Every structure is written in structure tokens, then in C-alpha cells.
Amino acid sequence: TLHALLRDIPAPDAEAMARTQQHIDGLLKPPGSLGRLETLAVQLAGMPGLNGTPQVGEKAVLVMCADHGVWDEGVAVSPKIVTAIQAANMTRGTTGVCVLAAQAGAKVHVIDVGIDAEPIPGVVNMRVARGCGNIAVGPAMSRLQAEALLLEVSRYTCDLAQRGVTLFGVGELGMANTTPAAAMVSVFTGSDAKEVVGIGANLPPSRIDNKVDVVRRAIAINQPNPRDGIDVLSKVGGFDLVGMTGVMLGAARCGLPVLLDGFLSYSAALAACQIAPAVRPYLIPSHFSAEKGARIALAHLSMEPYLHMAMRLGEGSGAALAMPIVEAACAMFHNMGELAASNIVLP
């Protein structure tokens, strides 16, 4: 079922992209002057789920929530229960993603893939377990659990496409999750833990060393295979991370765009592209995370974010903030006048 899914990811439509580029070149402006907005418009035009043109219909931010066993290693200063509390707030519209998504006209879908607490009413239930295993002493989960969640989340994502959603945004919520994120980045990029381990949610500078040590132990003990994204996710990842990877595989299979968020999302995207390179064309960066390993992770994905906001909240907040930018590419494409109609000729 997963092989089928990965097999059916459509390649971008080069024909629609060429038509788009020609149309953009003819707009009321010096050719190429709107830079990355032009490039983004063309990219969108190549996505089969969008009907050959840069269009944006309904918008959704999927937030994957889960707890992590590695929290017990003292790698995070936020109380573990904050995952459960914030997930509930996500249903009240008071969180950072909620407020930014509301501003963008997007709906937030809160999905519980493994919070260590009783079920929260109003949150989508796809709970694998009450938190994943502590990666410092063994794997986060079984390969089977990782594959099942990928399928599950993937289907949910592409099913939203049937409800008019054309643009996705991915996000997470899970105390201590910048630890497995860093382990994955280290593994996929071949970078040393010290180079990609950050302060997460205000970790005191004095406790960084321990965090770096925990990441190295996780890798040494699990021996994840860099060439197998599912192996890496199941061993040194987490449920929230697997879920984000699933949103990306689902949107790609649906031929639709997905906006990345910050550091946690970069880790998930490295996994997704490792598992299926065909996913890459559908990914759109949003902002440049203030987390230490962001530069390395983005360099390996060959992505240059549009927004430099020193943000490090997570939740899909950056994804929501960039949605207007995607709408701008559409507006540009469909609403600008044409040079020829004004009798203007430029070399």
C-alpha cells in the first residue's frame, strides 16, 4: 500500500510550467523583475492538483502532536504536560498558529499521533501510543508503526484535497522534539551533533552539552541507516515527525503544494525526500528557523526560505505566515495587465 502510494506520486507538468513562464514574461513589468514570486508561480503551475495554473483555494495547517520518551533525559525545560495543554488550546483558537492561520484564512487541523495524556475532545485521533520510546536507549517505535502512520496521515491529507483544500501547511507540537529532529538532521546530512543541536524552547546554555550527548547516544545505539528514511524516522524520530513526513507524502501524491515550517519540518522533509525524491517539487519553504541546525538542514534540501523572522515557535506558525506569499504569486499571475496591451516594448 505504501509502495503504491510512493509509486503514484505524479511528476510536475512541464507543459503547464512553460505556458506559465511565457505568460509571466508578458506581464506589465521588466522580465524577471518580480524574482522569486515568478519562480514560485511557475512551480505552482507544474503541480497536477492545481489545474495548470498558480491557484489557491482553501488552506489548511495540519499540526501533528506527540510526546517523546527522550524528555526524561533532561533535554527540554518545558513541562511534559504542555503538549496536552497546548493541543487543547489549539481547538480554542488562542495559539500562535491559530492566530496566524486565521489571519491567512486557513483552517487548523490538530492531530494527536501520540500525546502522553488522555484523549482531547476536538482533536483528530490517530494516536499510536502514549508518547514514543526514549531514543537514547532504543528506537522511538517499530518500523511497522512508522509505516502505518505514514499511510494513515497520507490518506487523511489527500482526502482534504477532495474538500477544496489546495494548499497545505505542516506543523508540530511536542516537548523535547528538537532532540530527535537534530538526530535525524545529523544522520541525513552527515553533520556532527554539535553542529546541528540547538536550544529548542529556551534550553539554558549550560545544558546544551547534555543534549548533544543524548543525540550521539541515540545514533550510536540505534545505528539508523541514512539511505532508508523510514529506518531513520522509526529509530531516532518520533510520531509527530513521522506524521509531518506523512503530510508531505500525501500532498505530493495528491499533486498539491505543502508549505514547510521550521526546524522540525526540515527534519521531516529530509526524511520525505530520502523516501521519495519525487516529493521535492511539491515542497515550499516558508521561513528561516532560528534553531542552530537550520542552515545545514536547508542546504541539504537546497532551499532558500522567503521569510527571515528569527522564529522558533513551531506549530506551523511560519507556514501560516507565508500563505499570503503563495496567494501573492497567484494574484500576480492572474490579475496583472500585459505589456502588449499597453504598447510597451522592452529589449
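Residues carry their position along the shown sequence, with the first being 1.
**Q** For the C-alpha atoms alone, is the average B factor greater in 319 to 327 or in 332 to 340, going by the entry?
**A** The stretch with the larger average C-alpha B-factor is 332 to 340.
**Q** Which wins on mean Cα temperature factor, 306 to 314 or 48 to 56?
**A** The stretch with the larger average C-alpha B-factor is 48 to 56.
**Q** Highest Cα B-factor in the deposition, which of 172, 116, 112, 72?
**A** Largest recorded C-alpha B-factor: 72.
**Q** Could you tell me which one of 164, 246, 238, 200 shows the highest CA temperature factor in the PDB record?
**A** So the option with the highest C-alpha B-factor is 164.
**Q** Which third of the chain holds residue 28 when residues are ordered by C-alpha B factor: lowest, middle or highest?
**A** CA B-factor rank for residue 28: highest third.
**Q** What third of the chain does residue 126 rank in for C-alpha temperature factor, lowest, middle or highest?
**A** Ranked within chain, residue 126 CA B lands in the lowest tercile.
**Q** Taking the values exactly as deposited, rank residue 142 by C-alpha B-factor within its chain and report the matching third: lowest, middle or highest.
**A** Highest third, going by the recorded CA B-factors of the chain.
**Q** In terms of the CA temperature factor given in the entry, to which third of its chain does residue 257 belong: lowest, middle or highest?
**A** Lowest third - that is where residue 257 ends up once the chain's C-alpha B-factors are sorted.
**Q** Rank-wise, by C-alpha B-factor, drop residue 36 into the lowest, middle or highest third of its chain.
**A** Its C-alpha B-factor belongs to the middle third of this chain's values.
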